[PDB]
Amino acid sequence: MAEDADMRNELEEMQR
Amino acid sequence: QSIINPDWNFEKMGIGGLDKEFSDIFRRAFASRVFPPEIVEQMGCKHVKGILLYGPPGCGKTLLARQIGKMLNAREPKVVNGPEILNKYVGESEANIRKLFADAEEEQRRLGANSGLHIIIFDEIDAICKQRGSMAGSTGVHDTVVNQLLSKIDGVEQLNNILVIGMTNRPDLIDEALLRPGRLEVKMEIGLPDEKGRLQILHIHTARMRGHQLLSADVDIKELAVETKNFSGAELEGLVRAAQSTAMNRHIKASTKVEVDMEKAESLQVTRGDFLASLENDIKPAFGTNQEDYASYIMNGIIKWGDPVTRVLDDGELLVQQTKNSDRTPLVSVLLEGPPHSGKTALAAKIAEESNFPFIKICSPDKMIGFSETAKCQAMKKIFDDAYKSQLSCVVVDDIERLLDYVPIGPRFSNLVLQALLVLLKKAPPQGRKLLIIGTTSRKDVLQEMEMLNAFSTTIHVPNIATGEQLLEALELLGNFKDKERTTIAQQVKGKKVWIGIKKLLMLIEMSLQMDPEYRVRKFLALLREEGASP
Amino acid sequence: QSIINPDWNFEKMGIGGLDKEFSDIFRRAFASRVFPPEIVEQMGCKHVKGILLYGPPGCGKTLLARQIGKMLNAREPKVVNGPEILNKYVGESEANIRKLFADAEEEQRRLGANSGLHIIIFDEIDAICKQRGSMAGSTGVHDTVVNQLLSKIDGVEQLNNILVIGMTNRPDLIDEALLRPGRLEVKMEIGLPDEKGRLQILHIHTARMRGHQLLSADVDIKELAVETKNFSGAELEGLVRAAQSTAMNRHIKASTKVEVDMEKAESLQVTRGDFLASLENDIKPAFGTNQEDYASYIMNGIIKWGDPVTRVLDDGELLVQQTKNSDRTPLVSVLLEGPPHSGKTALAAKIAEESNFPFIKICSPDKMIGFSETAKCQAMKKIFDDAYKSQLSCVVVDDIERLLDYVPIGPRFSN
Amino acid sequence: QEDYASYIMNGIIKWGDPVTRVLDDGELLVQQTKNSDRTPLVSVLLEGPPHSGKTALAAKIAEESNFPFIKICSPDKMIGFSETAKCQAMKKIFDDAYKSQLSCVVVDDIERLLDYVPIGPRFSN
Ligand SMILES: Nc1ncnc2c1ncn2[C@@H]1O[C@H](COP(=O)(O)OP(=O)(O)OP(=O)(O)O)[C@@H](O)[C@H]1O
Ligand SMILES: Nc1ncnc2c1ncn2[C@@H]1O[C@H](COP(=O)(O)OP(=O)(O)OP(=O)(O)O)[C@@H](O)[C@H]1O
Ligand SMILES: Nc1ncnc2c1ncn2[C@@H]1O[C@H](COP(=O)(O)OP(=O)(O)OP(=O)(O)O)[C@@H](O)[C@H]1O
Ligand SMILES: Nc1ncnc2c1ncn2[C@@H]1O[C@H](COP(=O)(O)OP(=O)(O)OP(=O)(O)O)[C@@H](O)[C@H]1O
Ligand SMILES: Nc1ncnc2c1ncn2[C@@H]1O[C@H](COP(=O)(O)OP(=O)(O)OP(=O)(O)O)[C@@H](O)[C@H]1O
């Protein structure tokens with residue numbers, strides 16, 4: 001088998 | 001107030017070879033905005049707000065966009081350089097897209113009909129707009145971006161003061177909902193120029209040198225236009241740049257330190273030798289068949305050792321003319337057959353070269369060593385599609401018995417390639433276009449057994465050297481042996497019949513030359529005796 | 001201010017064997033930046049913005065790029081080492097590309113046509129600039145980076161103060177739009193040197209030793225140049241380094257404690273025996289040849305037991321002569337056949353050894369045990385591709401019946 | 001709509017009796033498949049020597065009818081295909097045909113659709 005490729009990410013912000 | 005700048009001229013923008021495309025764009029886009037407003041209102045039509053340009057690299061799309069932006073009397077255009085909209089946080093790409101339409105909406109809501117034009121430019125548009133539901137990873141932002149763009153261009157609210165321009169190299173990857181009428185109507189293709197367009201471009205890119213008297217008087221632009229086949233505008237400009245650099249370099253000395261004469265720098269001239277030298281060693285096109293191919297396929301030229309050499313060429317000329325003129329037979333075919341070492345590939349290449357068609361290609365097995373059946377079929381299909389896109393085309397297929405892997409033991413061969421060839425030999429191009437196919441082989445009976453010989457329109461025979469007179473004429477035309485030696489050779493060959501190919505004779509002569517000066521003709525005659533015959 | 005440094009000299013670069021390539025690069029890239037500006041303005045010509053260097057490993061591409069960067073009176077260049085721009089967050093690997101062009105744009109907009117030159121170097125360019133798929137469902141891993149680079153190098157906004165340099169070993173994988181006459185217009189191959197270049201390189205790498213009387217006088221550089229056929233620029237430097245190490249080791253004793261005889265280190269000199277020992281035991285080229293293979297294929301020598309041996313050897317010599325001295329027939333082949341155990345492979349090896357060509361290779365089935373036919377084709381193609389990069393080559397194909405997998409029953413073989 | 005102009009490129013000329021006869025037969029067959037309930041499926045084969053004009057006549061017969069659904073299956077589109085892709089394409093065409101109340105289908109160049117060669121011979125089963 002072939003190992004799953006690399007992937008991007010999304011990000012979320014938080015206030016204080 | 002007109003939308004066209006008062007001081008605008010079509011010759012000021014410096015684009016050559018694209019008069020028809022510009023006429024179409026001007027008619028479809030700016031006709032309504034220049035015509036008097038009352039009659040347009042009486043018609044009740046809306047304006048066009050979209051253009052898409054596509055074509056191969058280096059043909060002048062960005063130049064068109066920039067000059068169109070400069071032509072109009074409006075605000076400074078907005079330009080997006082590729083994927084500048086992407087952001088790492090949630091909702092921030094769509095906000096970036098919505099920031100591009102704010103001023104247009106504000107002015108439409110304030111001044112209504114009496115408002116100016118707003119221009120937006122998308123470069124490399126295929127990066128951000130693709131068919132929805134095609135990416136396996138990171139699609140969540142891409143589909144939302146596409147949806148936001150669609151909802152913004154044409155939605156419940158209506159705008160009438162925006163124009164959008166896009167440029168791409170891969171038009172088939174774009175979403176179909178974006179290309180419907182009302183969003184991006186005017187689709188234009190930019191392609192390679194013809195000879196007159198090349199002449200126009202070449203005139204454009206030398207005007208200042210001609211004006212300031214820096215161009216020599218022996219340079220002829222028409223010869224360059226005829227000579228530079230398959231070139232694009234970028235290559236045509238690069239050739240001039242290379243010539244200028246070559247001209248400049250003659251007044252700079254750089255051995256230890258760099259020095260410039262500054263006395264002979266004045267009276268600088270650009271001559272024809274600079275242009276010729278650059279064409280040889282610097283600039284090379286990236287399309288079609290060029291000199292490097294003809295050099296390999298015809299290595300030792302063509303010599304008229306007999307009558308059939310002209311007969312083959314005459315038949316080829318007749319077939320080429322028939323393809324050119326006839327309209328009820330857009331497709332023609334021919335097969336060149338003969339014994340081995342007779343010179344079929346060179347003659348086919350010569351005929352194709354003399355055809356003078358815009359499109360020429362050669363499909364040979366030596367470019368696909370080690371391929372499987374599917375790869376060979378794919379390569380042939382791609383070449384034939386490229387041929388189809390043209391107007392009148394020529395294609396050459398040599399060494400057919402090597403294209404399908406034939407061996408007498410068995411026999412064994414590839415059936416897939418045979419079926420593909422049989423299907424392609426009887427397929428016609430789109431109406432109004434014409435194609436010529438030339439093929440070469442050395443085993444005609446095998447092709448007859450496979451029922452391929454009936455898919456060709458005609459055949460031409462290529463014979464061997466049969467008599468001593470032709471052999472002596474070939475020797476005379478090569479100039480290898482002196483008259484004294486040729487007398488001895490004629491004392492032996494004229495009383496016999498010979499059976500030898502042109503390609504084998506050169507090998508025999510080069511093998512014989514290695515002997516000492518005393519044993520040259522003797523070795524040559526011994527080898528010729530060893531050859532034998534079998535007409 | 002002049003673009004070239006006031007103190008620049010060609011001989012200080014330290015590059016031997018590549019005069020023509022440097023001349024072409026200088027003519028195409030820097031001629032218009034050294035000529036007086038008034039005449040260049042009267043011509044209406046733009047400057048060249050791109051160079052590409054390609055070739056096999058070890059021949060001097062990074063050294064050339066570094067020296068070009070050092071020769072110009074400009075800002076400090078920007079260096080990108082392989083895939084150093086890749087990031088995991090969306091939109092972050094293209095901001096890295098855009099950040100490389102900010103200063104050039106700022107200085108252009110500010111100073112017009114009086115700005116300086118900005119250099120950018122891309123090492124291992126093929127790592128990030130492969131061809132775009134152009135098929136639905138077959139999109140590349142990152143085609144947005146390629147699009148950003150293409151838009152930045154040549155776009156709606158015009159820059160005239162940049163120069164980009166790239167280096168690669170696999171030029172056939174790069175995108176086609178990146179190599180057109182407007183982006184990377186000058187493309188150069190860096191290959192193996194000839195005897196003159198080898199002599200130049202040896203002088204360059206021995207000058208400092210010769211300066212301080214640290215080199216013996218039985219050492220002849222012109223002999224070494226003849227003896228080292230088909231060496232790259234790195235292998236010669238390695239040879240010199242190994243000779244120096246051998247010379248130094250004679251004055252150190254190691255075992256109980258490391259001690260240096262700091263009395264005989266004053267009379268230190270490098271002799272012709274160190275070079276000879278290094279050639280035999282340390283450095284082995286890639287496009288050259290060594291004597292061990294011949295010993296493997298000619299095991300018990302060759303003895304003259306009759307007339308046929310001389311005839312075969314003469315026949316081989318005459319074809320060597322023809323292939324060397326012929327222009328109409330650059331390619332010649334021959335087949336040696338006979339009964340089993342008659343000794344034909346050794347005769348072929350002897351003929352190849354006596355040719356005295358720089359490149360000699362032997363293709364044998366002993367190195368293809370268990371291979372499939374596709375792998376055999378790939379190996380043969382690889383062997384034949386290396387030989388096209390030499391001026392004179394000889395190849396030997398042994399045991400054609402074993403290469404085809406022939407058996408009389410059926411019969412069966414690989415087509 | 002099928003691009004009938006490609007299959008019929010030089011029209012049809014009544015150079016003799018047989019042409020008319022052929023067309024008549026086709027018309028009759030069409031009538032039978034339109035006004036029959038015991039035989040909801042009908043088939044026919046056109047055979048002759050090479051370069052006789054079978055494809056053009058078949059296309060003309062298909063066109064003259066006024067059926068809602070008409071399609072032509074040709075090997076010109078399946079170039080380099082495996083023997084599974086051809087089956088999938090034929091299955092898709094027939095599945096589309098099944099939907100309509102009245103359907104007509106043309107299968108031309110059957111020998112090229114089976115990859116027939118007289119040496120051995122060879123074909124796809
Ligand atoms: N039709 C033309 N007339 C004159 N010059 C041209 C023409 N086409 C191209 N050129 C010259 O080639 C240069 C590069 O062309 P341009 O940038 O417009 O091409 P493009 O099609 O947008 O390129 P790509 O597809 O590679 O992004 C132009 O700046 C101009 O110098
Ligand atoms: N009159 C001529 N006709 C053809 N070739 C000629 C002629 N005069 C010289 N030649 C040279 O002879 C050689 C012909 O070789 P070519 O490859 O065309 O032969 P071929 O019969 O196709 O080969 P093969 O049987 O080995 O496949 C070329 O070098 C061509 O330049
Ligand atoms: N032409 C040359 N003249 C002098 N020294 C050379 C030459 N070529 C290589 N060298 C020496 O070899 C060293 C290593 O070569 P370099 O780093 O230039 O190779 P490269 O072509 O980039 O290699 P690779 O493709 O493996 O990365 C140089 O620093 C220099 O010392
Ligand atoms: N005059 C000679 N010619 C050839 N080989 C010789 C001669 N004298 C001694 N030998 C030795 O004979 C052996 C030749 O064996 P070689 O591998 O060439 O055989 P071969 O004919 O290829 O046999 P096969 O392939 O059937 O095993 C080598 O050891 C070679 O050193
Ligand atoms: N009376 C006619 N009947 C049939 N075809 C005709 C007639 N008059 C002209 N034609 C033209 O002759 C050609 C005959 O069609 P087509 O080439 O498909 O024949 P075919 O016998 O099926 O061919 P193939 O032998 O290649 O399988 C078409 O161009 C058709 O337009």
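Its PDB header attributes the entry to cryo-EM and lists the resolution as 2.95 Å.

Caption draft 1: Inspection of the interface of chain D and chain B at higher detail. The interface is formed by 14 residues belonging to chain D together with 19 residues belonging to chain B. Summed over both sides, the interface between chain D and chain B buries roughly 1500 Å², with carbon and sulfur atoms accounting for 61% of that surface. Three residues, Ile79, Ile119 and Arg122 of chain D, lead the burial of chain D against chain B; their summed loss comes to 37% of the area buried on that side. If you look at where chain D meets chain B, you find one salt bridge. Along the lines of polarity and charge, the residues of the side of chain D that touches chain B split into seven nonpolar, two polar and five charged.

Caption draft 2: Inspection of the site of ligand 1 at higher detail. The local shell around ligand 1 holds 15 residues, among which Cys59, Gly60, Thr62 and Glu237 of chain B together with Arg180 of chain C are the closest. Around ligand 1, the nearby residues trace back to chains B and C. One nitrogen or oxygen atom from the main chain of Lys61 of chain B is found 3.5 Å from an oxygen atom belonging to ligand 1. Between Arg180 of chain C and ligand 1, the recorded distance is 2.9 Å, taken from a side-chain N or O atom to an oxygen atom. A total of 640 Å² of accessible area belongs to ligand 1 in isolation, and the protein chains cover 89% of it.

Caption draft 3: Focus on the sheet that holds strand β2 (residues 78-81) of chain C. Residues and elements named next belong to chain C. One open sheet holds the five strands; their spatial order is β2-β3-β4-β1-β5, and the pairing between them is parallel. Each edge of the open sheet carries a strand with a single partner, namely β2 and β5 (186-189). With strand direction ignored, the average angle separating the axes of adjacent strands in the sheet is 15°. Pairing between strand β3 (residues 118-123) and strand β4 (residues 162-168): six bridges, direction parallel. The residue bridging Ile119 from the neighbouring strand is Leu163, located in β4.

Caption draft 4: Up close: a positive patch on the surface. Side chains of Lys257 of chain B together with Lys12, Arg66 and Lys70 of chain C sit close together on the surface and give a patch of like positive charge. Positionally, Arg66 of chain C belongs in helix α4 (residues 61-71).

Caption draft 5: Region of the structure containing the site of ligand 4. Residues and elements named next belong to chain C. As a matter of local geometry, ligand 4 sits amid 13 residues, with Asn300, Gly301, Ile303, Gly343 and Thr345 nearest to it. At 2.9 Å, a backbone N or O of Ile303 approaches a nitrogen atom of ligand 4. Considering ligand 4 on its own, with 650 Å² of exposed area, one finds that the protein chains cover 69% of that surface. When the residues that make up the shell around ligand 4 are grouped by side-chain class, the tally is six nonpolar, six polar and one charged.

Caption draft 6: Looking closely at the pattern of salt bridges. In the structure shown here, the tally under the stated rule is 41 salt bridges over all chains. The shortest N-O distance in the salt bridge between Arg27 of chain B and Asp24 of chain B comes to 3.9 Å. Residue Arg27 of chain B and its partner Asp24 of chain B are located together in helix α1 (residues 19-34), separated by three residues, close to a single helical turn. When its relative accessible area of 26% is taken as the criterion, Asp24 of chain B is described as partly exposed. Taking the shortest distance from any N to any O, the salt bridge between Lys389 of chain B and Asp386 of chain B comes out at 3.2 Å. With a gap of three residues between them, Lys389 of chain B and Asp386 of chain B both fall in helix α15 (residues 373-389), about one helical turn apart. Look at the salt bridges and you will find they share partners, linking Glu237 and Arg241 of chain B together with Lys46 and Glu185 of chain C into a network.

The rules behind these values
- Residues numbered from 1 in each chain as written, not as in the entry; some residues may be left out.
- Chains lettered and ligands numbered in written order.
- Part of a larger assembly, values for the part shown.
- Heavy atoms only, no water.
- Contact = heavy atoms within 4.5 Å.
- Buried area = accessible area lost by both parts, 1.4 Å probe.
- Salt bridge = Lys/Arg side-chain N within 4 Å of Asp/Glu carboxyl O.
- Nonpolar A, V, L, I, M, F, W, Y, C, P; charged D, E, K, R; others polar.
- Near = heavy atom within 4 Å.
- Polar contact = N/O pair within 3.5 Å; in protein donor to acceptor, adjacent residues only side chain to side chain.
- Areas by Shrake-Rupley, 256 points an atom, 1.4 Å probe, with all protein chains shown as cover.
- Pairing = 2+ DSSP bridges.
- Helix = DSSP H or I, 4+ residues; strand = E, 2+ residues; numbered from the N terminus.
- Axes fitted to C-alpha atoms, helices over the stretch in contact; angles between N-to-C directions.
- Patch = residues over 30% accessible without salt bridge, like charges linked within 9 Å, V, L, I, M, F, W, Y side chains within 5 Å.
- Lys, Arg positive; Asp, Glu negative; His and termini not counted.
- Charge placed at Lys NZ, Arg CZ, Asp CG, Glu CD.
- Buried < 20%, exposed > 50% of the residue type's maximum accessible area, 1.4 Å probe, protein only.

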